[PDB]
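Engineer: Below is work-v7.txt; it holds compact mmCIF, N, CA, C and O atoms.
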```txt
# COMPACT_ATOMS: atom_id res chain seq x y z
N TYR T 1 -7.17 4.83 -4.50
CA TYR T 1 -6.84 5.03 -3.10
C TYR T 1 -6.46 6.48 -2.87
O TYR T 1 -5.64 7.03 -3.59
N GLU T 2 -7.07 7.11 -1.87
CA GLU T 2 -6.86 8.53 -1.65
C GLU T 2 -5.78 8.76 -0.59
O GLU T 2 -5.73 8.07 0.43
N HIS T 3 -4.92 9.75 -0.84
CA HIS T 3 -3.84 10.08 0.07
C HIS T 3 -3.62 11.59 0.03
O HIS T 3 -3.91 12.24 -0.98
N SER T 4 -3.14 12.14 1.13
CA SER T 4 -2.92 13.57 1.24
C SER T 4 -1.64 13.82 2.02
O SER T 4 -1.38 13.17 3.04
N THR T 5 -0.86 14.79 1.56
CA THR T 5 0.41 15.10 2.19
C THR T 5 0.68 16.59 2.07
O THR T 5 -0.12 17.34 1.51
N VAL T 6 1.80 17.03 2.63
CA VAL T 6 2.23 18.42 2.59
C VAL T 6 3.71 18.45 2.24
O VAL T 6 4.52 17.79 2.90
N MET T 7 4.08 19.21 1.21
CA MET T 7 5.47 19.25 0.80
C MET T 7 6.00 20.67 0.85
O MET T 7 5.28 21.61 0.52
N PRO T 8 7.24 20.87 1.28
CA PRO T 8 7.77 22.23 1.39
C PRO T 8 7.90 22.91 0.04
O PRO T 8 8.26 22.30 -0.97
N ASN T 9 7.61 24.21 0.03
CA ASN T 9 7.80 25.04 -1.16
C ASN T 9 9.26 25.47 -1.27
O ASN T 9 9.63 26.61 -1.01
N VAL T 10 10.11 24.52 -1.63
CA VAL T 10 11.53 24.76 -1.83
C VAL T 10 11.92 24.15 -3.16
O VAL T 10 11.62 22.98 -3.42
N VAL T 11 12.57 24.94 -4.01
CA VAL T 11 13.02 24.43 -5.30
C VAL T 11 14.20 23.50 -5.09
O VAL T 11 15.18 23.85 -4.42
N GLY T 12 14.11 22.30 -5.64
CA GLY T 12 15.20 21.35 -5.58
C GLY T 12 15.21 20.43 -4.38
O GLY T 12 16.05 19.53 -4.33
N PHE T 13 14.32 20.63 -3.42
CA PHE T 13 14.24 19.73 -2.27
C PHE T 13 13.53 18.45 -2.67
O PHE T 13 12.42 18.51 -3.19
N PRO T 14 14.13 17.28 -2.44
CA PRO T 14 13.57 15.98 -2.85
C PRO T 14 12.52 15.44 -1.88
O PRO T 14 12.81 14.74 -0.92
N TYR T 15 11.26 15.79 -2.09
CA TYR T 15 10.25 15.29 -1.17
C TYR T 15 9.88 13.87 -1.54
O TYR T 15 9.75 13.55 -2.72
N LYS T 16 9.74 13.00 -0.54
CA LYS T 16 9.37 11.60 -0.74
C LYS T 16 8.20 11.24 0.15
O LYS T 16 8.29 11.37 1.37
N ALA T 17 7.12 10.74 -0.45
CA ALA T 17 5.90 10.40 0.25
C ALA T 17 5.73 8.89 0.31
O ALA T 17 5.94 8.20 -0.69
N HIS T 18 5.32 8.40 1.47
CA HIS T 18 5.23 6.97 1.76
C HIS T 18 3.77 6.60 1.95
O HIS T 18 3.11 7.08 2.87
N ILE T 19 3.27 5.74 1.07
CA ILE T 19 1.88 5.28 1.05
C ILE T 19 1.88 3.83 1.50
O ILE T 19 2.62 3.01 0.95
N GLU T 20 1.05 3.51 2.49
CA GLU T 20 1.01 2.17 3.07
C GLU T 20 -0.42 1.66 3.03
O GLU T 20 -1.20 1.86 3.97
N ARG T 21 -0.77 1.00 1.93
CA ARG T 21 -2.12 0.49 1.73
C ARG T 21 -2.28 -0.86 2.42
O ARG T 21 -1.36 -1.69 2.37
N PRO T 22 -3.40 -1.10 3.11
CA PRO T 22 -3.53 -2.31 3.93
C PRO T 22 -3.25 -3.62 3.21
O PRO T 22 -2.68 -4.53 3.82
N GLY T 23 -3.65 -3.76 1.95
CA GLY T 23 -3.52 -5.04 1.30
C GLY T 23 -2.27 -5.23 0.47
O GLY T 23 -2.02 -6.33 -0.02
N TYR T 24 -1.48 -4.17 0.29
CA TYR T 24 -0.38 -4.18 -0.66
C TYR T 24 0.92 -3.80 0.02
O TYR T 24 0.95 -3.33 1.16
N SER T 25 2.02 -4.01 -0.71
CA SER T 25 3.33 -3.61 -0.24
C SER T 25 3.47 -2.08 -0.28
O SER T 25 2.89 -1.42 -1.15
N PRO T 26 4.23 -1.50 0.65
CA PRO T 26 4.33 -0.04 0.70
C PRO T 26 4.96 0.55 -0.55
O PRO T 26 5.78 -0.08 -1.21
N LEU T 27 4.56 1.78 -0.86
CA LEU T 27 5.02 2.50 -2.03
C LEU T 27 5.58 3.84 -1.60
O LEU T 27 5.12 4.45 -0.64
N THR T 28 6.61 4.30 -2.31
CA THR T 28 7.24 5.59 -2.03
C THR T 28 7.37 6.33 -3.35
O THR T 28 8.04 5.85 -4.27
N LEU T 29 6.73 7.49 -3.44
CA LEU T 29 6.82 8.29 -4.66
C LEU T 29 7.46 9.64 -4.37
O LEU T 29 7.24 10.24 -3.32
N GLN T 30 8.24 10.11 -5.33
CA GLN T 30 9.08 11.29 -5.15
C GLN T 30 8.47 12.45 -5.91
O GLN T 30 8.11 12.31 -7.09
N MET T 31 8.35 13.59 -5.24
CA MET T 31 7.89 14.82 -5.84
C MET T 31 8.95 15.90 -5.64
O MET T 31 9.55 16.00 -4.57
N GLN T 32 9.18 16.68 -6.69
CA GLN T 32 10.16 17.75 -6.63
C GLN T 32 9.65 18.97 -7.38
O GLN T 32 9.00 18.83 -8.41
N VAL T 33 9.94 20.15 -6.85
CA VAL T 33 9.51 21.41 -7.45
C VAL T 33 10.64 21.90 -8.35
O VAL T 33 11.67 22.36 -7.87
N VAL T 34 10.46 21.77 -9.66
CA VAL T 34 11.47 22.23 -10.59
C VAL T 34 11.50 23.75 -10.65
O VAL T 34 12.57 24.36 -10.75
N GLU T 35 10.34 24.39 -10.59
CA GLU T 35 10.23 25.82 -10.86
C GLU T 35 8.97 26.36 -10.22
O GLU T 35 8.04 25.61 -9.94
N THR T 36 8.96 27.67 -9.96
CA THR T 36 7.83 28.34 -9.34
C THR T 36 7.67 29.72 -9.96
O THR T 36 8.63 30.28 -10.48
N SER T 37 6.45 30.25 -9.94
CA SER T 37 6.17 31.58 -10.45
C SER T 37 4.98 32.16 -9.71
O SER T 37 4.04 31.42 -9.40
N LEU T 38 5.01 33.45 -9.42
CA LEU T 38 3.97 34.12 -8.66
C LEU T 38 3.69 35.47 -9.31
O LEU T 38 4.55 36.35 -9.32
N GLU T 39 2.48 35.63 -9.87
CA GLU T 39 2.15 36.79 -10.67
C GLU T 39 1.02 37.58 -10.04
O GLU T 39 -0.04 37.01 -9.76
N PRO T 40 1.18 38.88 -9.80
CA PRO T 40 0.05 39.70 -9.36
C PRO T 40 -0.86 40.04 -10.53
O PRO T 40 -0.50 39.91 -11.70
N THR T 41 -2.06 40.49 -10.20
CA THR T 41 -3.01 40.99 -11.18
C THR T 41 -2.90 42.51 -11.23
O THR T 41 -3.12 43.18 -10.22
N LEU T 42 -2.55 43.04 -12.39
CA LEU T 42 -2.18 44.43 -12.55
C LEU T 42 -3.25 45.14 -13.36
O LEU T 42 -3.73 44.60 -14.36
N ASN T 43 -3.62 46.34 -12.95
CA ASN T 43 -4.46 47.20 -13.78
C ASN T 43 -3.80 48.56 -13.93
O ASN T 43 -3.40 49.18 -12.95
N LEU T 44 -3.62 48.98 -15.18
CA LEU T 44 -2.76 50.10 -15.49
C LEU T 44 -3.43 51.41 -15.11
O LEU T 44 -4.59 51.64 -15.43
N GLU T 45 -2.68 52.26 -14.41
CA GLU T 45 -3.16 53.58 -14.03
C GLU T 45 -2.82 54.62 -15.09
O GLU T 45 -3.71 55.33 -15.55
N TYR T 46 -1.56 54.72 -15.48
CA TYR T 46 -1.16 55.58 -16.59
C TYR T 46 0.26 55.22 -17.00
O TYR T 46 0.88 54.30 -16.45
N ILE T 47 0.77 55.93 -18.00
CA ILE T 47 2.14 55.79 -18.44
C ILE T 47 2.80 57.16 -18.38
O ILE T 47 2.11 58.18 -18.37
N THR T 48 4.12 57.18 -18.35
CA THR T 48 4.87 58.42 -18.35
C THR T 48 6.04 58.29 -19.31
O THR T 48 6.59 57.20 -19.49
N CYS T 49 6.40 59.40 -19.95
CA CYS T 49 7.55 59.45 -20.84
C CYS T 49 8.08 60.88 -20.85
O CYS T 49 7.53 61.77 -20.19
N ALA A 1 -1.10 -41.48 2.75
CA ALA A 1 -1.19 -40.08 3.13
C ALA A 1 0.11 -39.62 3.78
O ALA A 1 0.78 -40.40 4.45
N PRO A 2 0.50 -38.35 3.59
CA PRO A 2 1.70 -37.86 4.25
C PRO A 2 1.42 -37.49 5.70
O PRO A 2 0.31 -37.10 6.06
N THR A 3 2.45 -37.62 6.53
CA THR A 3 2.35 -37.29 7.95
C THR A 3 2.85 -35.87 8.17
O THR A 3 3.99 -35.55 7.81
N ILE A 4 2.02 -35.04 8.77
CA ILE A 4 2.31 -33.62 8.97
C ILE A 4 2.46 -33.37 10.46
O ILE A 4 1.57 -33.73 11.25
N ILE A 5 3.57 -32.76 10.85
CA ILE A 5 3.90 -32.54 12.26
C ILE A 5 4.37 -31.10 12.44
O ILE A 5 4.99 -30.52 11.55
N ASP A 6 4.07 -30.54 13.62
CA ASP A 6 4.58 -29.23 14.04
C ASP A 6 4.17 -28.14 13.06
O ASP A 6 4.98 -27.54 12.35
N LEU A 7 2.86 -27.90 13.01
CA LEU A 7 2.29 -26.96 12.05
C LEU A 7 1.77 -25.72 12.78
O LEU A 7 1.04 -25.84 13.76
N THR A 8 2.18 -24.55 12.31
CA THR A 8 1.69 -23.27 12.80
C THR A 8 1.31 -22.38 11.63
O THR A 8 1.81 -22.56 10.51
N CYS A 9 0.44 -21.40 11.89
CA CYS A 9 -0.05 -20.50 10.85
C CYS A 9 0.09 -19.06 11.30
O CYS A 9 -0.16 -18.73 12.46
N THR A 10 0.49 -18.21 10.36
CA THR A 10 0.57 -16.77 10.59
C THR A 10 -0.19 -16.07 9.48
O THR A 10 -0.24 -16.55 8.34
N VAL A 11 -0.77 -14.92 9.81
CA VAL A 11 -1.66 -14.21 8.90
C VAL A 11 -0.87 -13.05 8.31
O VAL A 11 -0.47 -12.13 9.03
N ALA A 12 -0.68 -13.07 6.99
CA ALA A 12 0.11 -12.03 6.35
C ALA A 12 -0.68 -10.73 6.29
O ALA A 12 -0.26 -9.70 6.83
N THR A 13 -1.85 -10.76 5.65
CA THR A 13 -2.72 -9.61 5.58
C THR A 13 -4.17 -10.07 5.66
O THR A 13 -4.49 -11.22 5.31
N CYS A 14 -5.03 -9.18 6.13
CA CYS A 14 -6.45 -9.45 6.26
C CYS A 14 -7.23 -8.16 6.06
O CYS A 14 -6.82 -7.10 6.53
N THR A 15 -8.35 -8.27 5.36
CA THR A 15 -9.24 -7.14 5.11
C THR A 15 -10.63 -7.71 4.92
O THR A 15 -10.85 -8.46 3.96
N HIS A 16 -11.57 -7.37 5.80
CA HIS A 16 -12.86 -8.05 5.76
C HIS A 16 -13.71 -7.43 4.65
O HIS A 16 -14.48 -6.49 4.85
N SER A 17 -13.56 -8.00 3.46
CA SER A 17 -14.30 -7.57 2.29
C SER A 17 -15.23 -8.68 1.84
O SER A 17 -15.26 -9.77 2.42
N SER A 18 -16.00 -8.39 0.79
CA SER A 18 -16.86 -9.42 0.22
C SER A 18 -16.04 -10.52 -0.45
O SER A 18 -16.39 -11.70 -0.36
N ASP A 19 -14.96 -10.15 -1.12
CA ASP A 19 -14.14 -11.15 -1.78
C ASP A 19 -13.20 -11.82 -0.79
O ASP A 19 -13.34 -11.69 0.43
N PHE A 20 -12.23 -12.55 -1.32
CA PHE A 20 -11.28 -13.27 -0.49
C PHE A 20 -10.14 -12.35 -0.10
O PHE A 20 -9.10 -12.32 -0.77
N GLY A 21 -10.31 -11.60 0.98
CA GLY A 21 -9.37 -10.55 1.33
C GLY A 21 -8.50 -10.84 2.54
O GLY A 21 -8.21 -9.93 3.32
N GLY A 22 -8.07 -12.08 2.69
CA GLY A 22 -7.10 -12.43 3.70
C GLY A 22 -6.23 -13.56 3.21
O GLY A 22 -6.71 -14.41 2.46
N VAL A 23 -4.96 -13.61 3.61
CA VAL A 23 -4.04 -14.63 3.12
C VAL A 23 -3.29 -15.25 4.29
O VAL A 23 -2.91 -14.56 5.24
N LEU A 24 -3.08 -16.57 4.21
CA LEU A 24 -2.52 -17.39 5.28
C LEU A 24 -1.25 -18.08 4.79
O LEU A 24 -1.18 -18.51 3.64
N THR A 25 -0.28 -18.23 5.69
CA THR A 25 0.90 -19.05 5.46
C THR A 25 0.98 -20.14 6.51
O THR A 25 0.91 -19.85 7.71
N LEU A 26 1.12 -21.38 6.07
CA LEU A 26 1.21 -22.54 6.95
C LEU A 26 2.59 -23.17 6.79
O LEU A 26 3.05 -23.40 5.66
N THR A 27 3.25 -23.43 7.92
CA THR A 27 4.56 -24.07 7.96
C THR A 27 4.42 -25.48 8.50
O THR A 27 3.75 -25.71 9.51
N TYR A 28 5.07 -26.44 7.84
CA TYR A 28 4.85 -27.84 8.14
C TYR A 28 6.14 -28.62 7.88
O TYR A 28 7.10 -28.10 7.32
N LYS A 29 6.13 -29.88 8.30
CA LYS A 29 7.23 -30.81 8.07
C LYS A 29 6.64 -32.12 7.56
O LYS A 29 5.73 -32.67 8.18
N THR A 30 7.15 -32.61 6.43
CA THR A 30 6.59 -33.80 5.80
C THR A 30 7.69 -34.77 5.41
O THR A 30 8.85 -34.40 5.22
N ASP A 31 7.30 -36.04 5.30
CA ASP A 31 8.19 -37.12 4.90
C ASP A 31 8.17 -37.37 3.40
O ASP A 31 9.13 -37.91 2.85
N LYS A 32 7.09 -36.99 2.73
CA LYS A 32 6.94 -37.18 1.29
C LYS A 32 6.09 -36.06 0.72
O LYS A 32 5.35 -35.39 1.43
N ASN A 33 6.22 -35.85 -0.59
CA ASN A 33 5.38 -34.88 -1.28
C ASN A 33 4.07 -35.55 -1.67
O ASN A 33 4.06 -36.70 -2.12
N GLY A 34 2.97 -34.84 -1.48
CA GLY A 34 1.68 -35.42 -1.76
C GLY A 34 0.59 -34.39 -1.93
O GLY A 34 0.83 -33.18 -1.86
N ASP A 35 -0.62 -34.89 -2.16
CA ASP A 35 -1.79 -34.07 -2.41
C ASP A 35 -2.81 -34.38 -1.33
O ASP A 35 -3.39 -35.47 -1.33
N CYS A 36 -3.06 -33.44 -0.42
CA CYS A 36 -4.01 -33.74 0.65
C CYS A 36 -4.70 -32.49 1.17
O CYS A 36 -4.25 -31.36 0.94
N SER A 37 -5.84 -32.71 1.84
CA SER A 37 -6.93 -31.74 1.89
C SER A 37 -6.86 -30.85 3.12
O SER A 37 -6.59 -31.33 4.23
N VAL A 38 -7.13 -29.56 2.93
CA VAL A 38 -7.11 -28.56 3.99
C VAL A 38 -8.54 -28.11 4.25
O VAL A 38 -9.38 -28.13 3.34
N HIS A 39 -8.83 -27.71 5.48
CA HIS A 39 -10.16 -27.24 5.85
C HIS A 39 -10.05 -26.18 6.93
O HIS A 39 -9.04 -26.07 7.62
N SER A 40 -11.11 -25.39 7.06
CA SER A 40 -11.31 -24.49 8.19
C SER A 40 -12.48 -25.00 9.01
O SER A 40 -13.49 -25.45 8.46
N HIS A 41 -12.35 -24.93 10.34
CA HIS A 41 -13.31 -25.53 11.25
C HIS A 41 -14.26 -24.52 11.88
O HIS A 41 -14.78 -24.76 12.97
N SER A 42 -14.49 -23.39 11.21
CA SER A 42 -15.47 -22.42 11.66
C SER A 42 -15.98 -21.65 10.46
O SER A 42 -15.34 -21.61 9.41
N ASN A 43 -17.16 -21.05 10.61
CA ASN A 43 -17.71 -20.23 9.54
C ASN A 43 -17.37 -18.76 9.68
O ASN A 43 -17.84 -17.94 8.88
N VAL A 44 -16.57 -18.39 10.68
CA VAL A 44 -16.14 -17.01 10.79
C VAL A 44 -15.19 -16.65 9.65
O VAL A 44 -15.09 -15.48 9.26
N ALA A 45 -14.48 -17.64 9.09
CA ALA A 45 -13.65 -17.45 7.92
C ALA A 45 -13.85 -18.60 6.96
O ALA A 45 -13.96 -19.76 7.38
N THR A 46 -13.88 -18.29 5.66
CA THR A 46 -14.16 -19.27 4.61
C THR A 46 -12.94 -19.40 3.72
O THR A 46 -12.42 -18.39 3.23
N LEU A 47 -12.48 -20.63 3.50
CA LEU A 47 -11.35 -20.83 2.61
C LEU A 47 -11.80 -20.82 1.16
O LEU A 47 -12.98 -20.97 0.84
N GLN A 48 -10.83 -20.67 0.27
CA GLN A 48 -11.06 -20.65 -1.17
C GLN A 48 -10.79 -22.00 -1.83
O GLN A 48 -11.45 -22.34 -2.81
N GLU A 49 -9.84 -22.76 -1.31
CA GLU A 49 -9.44 -24.03 -1.90
C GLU A 49 -9.59 -25.16 -0.90
O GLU A 49 -9.76 -24.95 0.30
```
Any chance you could put this one into structure tokens?
Structural biologist:
Amino acid sequence: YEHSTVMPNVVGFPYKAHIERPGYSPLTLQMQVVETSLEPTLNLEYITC
Amino acid sequence: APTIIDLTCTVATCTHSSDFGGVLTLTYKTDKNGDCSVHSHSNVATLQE
């Protein structure tokens, strides 16, 4: 069963998603962002000393 | 045979699939416990038992 949602990019915020499939009892699953990292792509120009 | 009075039916879930994708609950009042036969009176829906 396919489902799509949007969760805030906040560390420690308890996001809870509610799935309601026609034939079954509703389900709630919890997603949380433990950690995040954002890295640029670097190409070295020179060094100095 | 048992005598059945004041019977109503409510539809819990329904999904028009090839298999048996709908379920019914029937409420009744009886004087004795017994074994007796249920039917549907149209071909728009087909029972399993």
Engineer: Can you work out the spacing between atom O of residue A:41 and atom CA of residue A:9 in Å, to one decimal?
Structural biologist: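 Taking atom O of residue A:41 as the start and atom CA of residue A:9 as the end point, the length is 15.5 Å.
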Engineer: From the options T:9, T:40, T:23, T:34, which residue's atoms come nearest to chain A, counting only C-alpha atoms?
Structural biologist: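 Residue with the minimum atom-to-atom distance to chain A: T:23.
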Engineer: Report, in Å with one decimal, the straight-line distance from atom CA of residue A:26 to atom CA of residue T:26.
Structural biologist: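 One can read the atom CA of residue A:26 to atom CA of residue T:26 distance as 23.6 Å.
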Engineer: Which distance in Å separates atom N of residue A:11 and atom N of residue T:2, to one decimal?
Structural biologist: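 Taking atom N of residue A:11 as the start and atom N of residue T:2 as the end point, the length is 25.7 Å.
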Engineer: With 8 Å as the limit and counting only N, CA, C and O atoms, what residues in chain A lie close to chain T? Please list them as a list in words.
Structural biologist: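 Here they are: residues 12, 13, 14, 15 and 21 of chain A.
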Engineer: Contacts of residue T:28 at 12 Å or less, counting only C-alpha atoms, minus same-chain residues fewer than 5 places along, as number ranges by chain?
Structural biologist: T: 15-21
Engineer: Is it possible to get the axis-aligned box enclosing stretch 24-42 of chain T (all listed atoms, 5 Å extra per side) as JSON, with centre and edge lengths in Å rounded to one decimal?
Structural biologist:
```
{"center_x": 4.4, "center_y": 20.5, "center_z": -6.6, "size_x": 26.3, "size_y": 59.3, "size_z": 25.5}
```
Engineer: Among chain A, which residues does DSSP mark as strand (DSSP E or B) when it is run on the backbone? Keep the chain and numbering as in the structure and answer as a list in words.
Structural biologist: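 Of chain A, only residues 5, 6, 7, 8, 9, 10, 11, 12, 13, 14, 22, 23, 24, 25, 26, 27, 28 and 29 of chain A fall in strand (DSSP E or B).
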Engineer: Name all residues at most 8 Å from residue A:49 (count only N, CA, C and O atoms; drop same-chain ones fewer than 5 positions away) and give them as a CSV table (one decimal) with N, CA, C and O atoms, in the frame of the given file.
Structural biologist:
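Output file around_24.csv is given in full below:
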```csv
chain,number,residue,atom,x,y,z
A,37,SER,N,-5.8,-32.7,1.8
A,37,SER,CA,-6.9,-31.7,1.9
A,37,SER,C,-6.9,-30.8,3.1
A,37,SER,O,-6.6,-31.3,4.2
A,38,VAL,N,-7.1,-29.6,2.9
A,38,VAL,CA,-7.1,-28.6,4.0
A,38,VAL,C,-8.5,-28.1,4.2
A,38,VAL,O,-9.4,-28.1,3.3
A,39,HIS,N,-8.8,-27.7,5.5
A,39,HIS,CA,-10.2,-27.2,5.8
A,39,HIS,C,-10.0,-26.2,6.9
A,39,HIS,O,-9.0,-26.1,7.6
A,40,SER,N,-11.1,-25.4,7.1
A,40,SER,CA,-11.3,-24.5,8.2
A,40,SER,C,-12.5,-25.0,9.0
A,40,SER,O,-13.5,-25.4,8.5
```
Engineer: Compile the contact shell of residue A:5 as a list in words: residues with an atom at most 6 Å away, counting all atoms listed in the file, same-chain residues fewer than 3 positions apart removed.
Structural biologist: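 Selected residues are residues 27, 28, 29 and 30 of chain A.
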Engineer: Residues proximal to (-17.8, -17.5, 7.3) were defined as those with any atom within 12 Å of that point in the file's coordinates, counting only C-alpha atoms. Which are they, as a list in words?
Structural biologist: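 The residues that fall inside the cut-off are residues 16, 17, 18, 19, 20, 40, 41, 42, 43, 44, 45, 46, 47 and 48 of chain A.
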Engineer: Need to verify the contact set: residue T:36, 12 Å, only C-alpha atoms, exclusion of same-chain residues closer than 6 positions in sequence. Can you return it as a list in words?
Structural biologist: residues 9, 10, 11 and 12 of chain T
